[PDB]
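Input: a single structure, listed below in structure tokens.
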Amino acid sequence: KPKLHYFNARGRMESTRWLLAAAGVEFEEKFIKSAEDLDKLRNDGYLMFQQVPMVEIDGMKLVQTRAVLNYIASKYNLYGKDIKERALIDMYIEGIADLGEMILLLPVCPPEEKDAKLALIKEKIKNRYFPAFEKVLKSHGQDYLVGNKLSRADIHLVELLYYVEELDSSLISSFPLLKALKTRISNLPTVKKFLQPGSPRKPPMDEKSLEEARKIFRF
Amino acid sequence: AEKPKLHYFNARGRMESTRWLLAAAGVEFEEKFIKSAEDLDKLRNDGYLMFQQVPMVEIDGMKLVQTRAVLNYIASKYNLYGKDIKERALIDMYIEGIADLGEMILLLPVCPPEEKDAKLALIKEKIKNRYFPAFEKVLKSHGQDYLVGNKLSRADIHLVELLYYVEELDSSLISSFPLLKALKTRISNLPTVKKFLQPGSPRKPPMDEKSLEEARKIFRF
Ligand SMILES: CCCCCCSC[C@H](NC(=O)CC[C@H]([NH3+])C(=O)O)C(=O)NCC(=O)O
Ligand SMILES: CCCCCCSC[C@H](NC(=O)CC[C@H]([NH3+])C(=O)O)C(=O)NCC(=O)O
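Protein sequences, first through last, are from chains D and R.
If you want the numbering used here, it's the 1-based position in the first sequence plus 506.
If you want the numbering used here, it's the 1-based position in the second sequence plus 555.
What follows is the structure, encoded as structure tokens:
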């Protein structure tokens, strides 16, 4: 089993739990709770850059998020059929991580920039991202983002549509094909199971989890 | 068919690694330099930008945006992404550490004047103690001339590129990392990269204040 090393939070390991889950892979977590929990990993050389996410899979100690994602996605057939499909996928999931980054790091934001930053995430989701994934679905009419078969593009988009809902549920309201997608993916057996309570899907990041972040990562 | 066509403004910024990668692959490409907010609104209005942003690269009938979509595609097409999935994973780990440092250096010129000095000192710490030791370590681990699978890959082109920006920052940083020195020489010495390093190629100069203002004027920031 893949073993995921992170603290017990969404952070930069969430899209990996979803991709693994969506692919039917069961995995272990090992939760770092302390700065010295992290230092242990560092000292045992388990971390190429002294950072996590790290994931033990197939004898490798893979750090860097995209390293983990790209590897899962190919291994489990979720990276399209050819390089032209990977390229469309990549283009999509990169627009998505760019928005996912903005939202991953709102709680770390200096508090005086927080208002200006929400407003602009909302504005980008309305004007920039959503219309772009709506154009895609509308262009081919198909159930999936690419090559008419499930891929990680569908996993990462739907995940982000969950966070966009937590932010403001009005936002997706005029992107009906996104709504349709959100639904269909969420009713895929493995994702439905992942979205159920007691799964390893993790909650929004509250306060103490943030404070648990600063302590472990020393920031 | 058609040379790939790169769409950016006339600066390093987010298009430089692509320029590097395509040259190292010995692919001839065209550039179209955005000079103004108008030129960029035109690409927006013509539908050419999936997120209304550049880099964009027209290649193989696609309008690829997002540096990493473009990179991955070029890396794979020209066999510079390793020979399998386990290899692509080590390439991705390395080049993502590289991009983390690259981002830090790319964006330093945008940093507020009050932060710039603290930030640069932490770039220099991270280079000496985090990034460089991890790449020396890789090289030491196998003694081979390339970072992965013992043939040339984007892992080496990106790292070397970053060795040249780290050098501009402070040539003294790489000094306790001999194997990195050797990489940089050797890679710089491949025909394709050597030719790209020569005067009058598309390689771009470090961004001065004026280019930063054109960055300002164009992207509206
Ligand atoms: C909402 C914020 C989430 C919590 C903090 C950020 S993730 C923890 C952090 N890891 C990284 O930033 C890795 C970044 C890397 N690009 C990746 O995607 O793996 C770390 O080990 N930091 C330790 C260090 O770099 O010293
Ligand atoms: C110090 C400045 C260096 C220049 C960096 C900005 S490059 C221009 C910017 N592009 C992007 O942020 C694309 C980001 C994307 N994740 C990528 O990597 O391609 C843009 O078109 N922005 C226009 C917009 O967002 O509307």
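Ideal Cβ positions, reconstructed from N, Cα and C, are used throughout, including at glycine.
Delimiting residues of the alpha helix (DSSP H) encompassing residue i
i      : result
D:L605 : 589–610
D:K509 : No alpha helix (DSSP H) contains D:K509, which is instead part of the beta strand (DSSP E) from 509–513.
R:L718 : 709–724
D:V652 : Segment: none, D:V652 is in no alpha helix (DSSP H) and carries neither H nor E.
D:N549 : 541–549
R:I742 : 733–743
R:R771 : 764–774
R:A579 : 571–579
R:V582 : Element bounds for R:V582: n/a, residue is neither H nor E.
D:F700 : 695–700
Residue-chain proximity (residue i, chain R), Cβ-Cβ < 8 Å
i      : result
D:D564 : yes
D:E600 : yes
D:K507 : no
D:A638 : yes
D:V614 : no
D:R634 : yes
Below-8 Å beta-carbon distance, residue i vs any chain D residue
i      : result
R:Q753 : no
R:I640 : yes
R:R643 : yes
R:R771 : no
R:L728 : no
R:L619 : yes
R:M648 : yes
Bounding residues of the beta strand (DSSP E) (the contiguous stretch that carries residue i)
i      : result
D:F636 : Unbroken run through D:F636 is the alpha helix (DSSP H), 636–646; no beta strand (DSSP E).
D:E534 : 534–538
D:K567 : 566–569
R:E670 : R:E670 -> no beta strand (DSSP E), and no H or E assigned at all.
R:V612 : 611–614
Supposed contact pair residue j and residue i - C-beta distance, whole angstroms, cut 8 Å
i                      : j      : result
R:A689                 : D:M554 : 5 Å
R:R567                 : R:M762 : 6 Å
residue 734 of chain D : D:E640 : Any question about residue 734 of chain D goes unanswered here, given that chain D covers just 507 to 725.
R:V693                 : R:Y633 : With a Cβ gap of about 22 Å, R:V693 and R:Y633 do not count as contacting.
D:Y635                 : D:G601 : 6 Å
R:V609                 : R:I589 : 7 Å
R:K750                 : R:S743 : That belief does not hold up - the Cβ atoms of R:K750 and R:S743 are roughly 11 Å apart, past 8 Å.
D:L510                 : D:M519 : 6 Å
R:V748                 : R:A579 : 5 Å
D:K721                 : D:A573 : Actually they are not in contact, since the Cβ atoms of D:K721 and D:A573 sit about 26 Å apart, beyond 8 Å.
R:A710                 : D:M566 : Actually they do not touch by this definition, with Cβ atoms about 15 Å apart.
Any C-beta of chain B under 8 Å from that of residue i
i      : result
D:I691 : In the displayed structure, chain B is absent; the protein chains listed are D and R.
Residue i: CB within 7 Å of a non-hydrogen atom of ligand 4
i      : result
R:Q608 : Annotation note on ligand 4: not contained in the displayed structure, which lists ligand 1 and ligand 2 as its ligands.
Exercise. Below 9 Å between beta carbons is the criterion; list the residues of the region 698–723 of chain R that meet it against any residue of chain D, in chain order.
Key: none
Quiz item: Looking at chain D, which residues of the region 594–612 of chain R have a Cβ within less than 8 Å of any of its Cβ atoms?
Solution: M605, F606, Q607
Exercise. Identify each residue in the region 743–767 of chain R for which the Cβ-Cβ distance to at least one residue of chain D is less than 9 Å, and report them in chain order.
Key: none
Practice problem: Using a Cβ-Cβ cut-off of less than 7 Å, give me the residues of the region 572–584 of chain D that come near chain R, in sequence order. | Solution: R572, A573, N576, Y577, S580, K581
Quiz prompt | the region 576–594 of chain R: positions lying closer than 7 Å to chain D by Cβ | solution = So the list is empty, because no residue satisfies the distance condition.
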